[PDB]
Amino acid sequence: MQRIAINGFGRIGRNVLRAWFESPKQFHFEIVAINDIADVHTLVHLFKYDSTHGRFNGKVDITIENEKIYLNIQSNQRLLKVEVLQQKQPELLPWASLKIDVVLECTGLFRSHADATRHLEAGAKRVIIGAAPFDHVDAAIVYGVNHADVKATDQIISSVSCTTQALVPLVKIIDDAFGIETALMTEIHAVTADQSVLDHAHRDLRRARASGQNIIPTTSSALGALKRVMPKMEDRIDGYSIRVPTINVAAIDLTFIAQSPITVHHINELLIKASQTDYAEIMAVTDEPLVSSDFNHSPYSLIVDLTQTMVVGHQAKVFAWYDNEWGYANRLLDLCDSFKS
């Protein structure tokens, strides 16, 4: 019965903890610690009150022992006691004391294989970097696709990105059935926590601009990450992302060149079958006239909007929605649950 810790109690970290309590299936592992540079009182406040996902439907108590700070959290007839830490430098964390089996690295600041190793030094056995790899990882994993390819010897793992976890299924499903010559991705994405309120100095001159006022083209880490999960598609895939002023939920627009005959009907039927069989854990398809809000708090890795499917000659476009926060958080727990032996 494994022991998970979360480093970085932000949009992803907090949602991982909520999704644990809200899941209709109880997970076999326990989350037993969290860390963030903010104090516990700020953390509990933000865990309880969320502008995107609403009030946490449960009870949180804070316990100060002589040394340690704990949360006692109850919801949906489940209970966790969760040590809270406030240590900026992940090597100085007490992962050995706490017997931590997996650390979920959700800060965005420790994606290098070196930085992820800091958690290995502090005592943890295994790290899931919750982002695209910066350089080296023992594996890059998309739950529902290649999670069985985790070797019990692998110690630094990447759960890639929200975008990746939606792209890879699409690419795999379509490449297996029709063959993909090349494809280009357009992602339309809600604002993210690293953007700016008003125009302000920032590393990226596009993300420096007022996030509430602009359509903002930007890079996606998803293409680099898809190469690692499917090296057979090197040089065959590119794309980018566009930030717009919604609070949550994203869509992927994938345009590809088929290597065999295609119709709108054949593509949709294939995606329906995939969703009903081999991918039913992470994938759904709808034909209802829905918009982004309707997928807020959806646990799926992608939801294909089949009415958007288009074909001209050898070229086609498919479209899928996903909750970039709730889908990924759920896939993190699904991944941790897959290590059970």
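We number the residues from 1 along the sequence you see.
- Query: Which is higher on average in the deposited entry, the C-alpha temperature factors of 60-68 or of 281-289?
  - Reply: The recorded data point to 60-68.
- Using the B-factors recorded in the PDB entry, average over the C-alpha atoms of 112-120 and of 157-165, then report which stretch comes out higher. Here the higher of the two C-alpha B-factor means belongs to 112-120.
- For the C-alpha B-factor as written in the entry, point me to the maximum among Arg236, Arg243, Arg78, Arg206. That would be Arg236.
- Given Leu198, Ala139, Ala190, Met185, the residue at which the Cα B factor reaches its maximum: Of the candidates given, the C-alpha B-factor peaks at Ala139.
- Which third of the chain does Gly130 land in by C-alpha B-factor: lowest, middle or highest? As the PDB entry reports it, the C-alpha B-factor of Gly130 lands in the highest third of its chain.
- Based on the entry's values, in what third of the chain does the Cα temperature factor of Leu85 lie: lowest, middle or highest? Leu85: CA B-factor falls in the middle third of its chain.
- Quick one: classify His41 as lowest, middle or highest third of the chain based on its Cα B-factor. Middle third of the chain for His41's C-alpha B-factor.
- Message: Considering every modelled residue of the chain and its Cα B-factor in the PDB entry, is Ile173 in the lowest, middle or highest third?
- Response: According to the entry, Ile173 has a C-alpha B-factor in the chain's middle third.
- Message: Split into thirds by Cα B-factor across the chain's modelled residues, where does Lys25 land: lowest, middle or highest?
- Response: According to the entry, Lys25 has a C-alpha B-factor in the chain's highest third.
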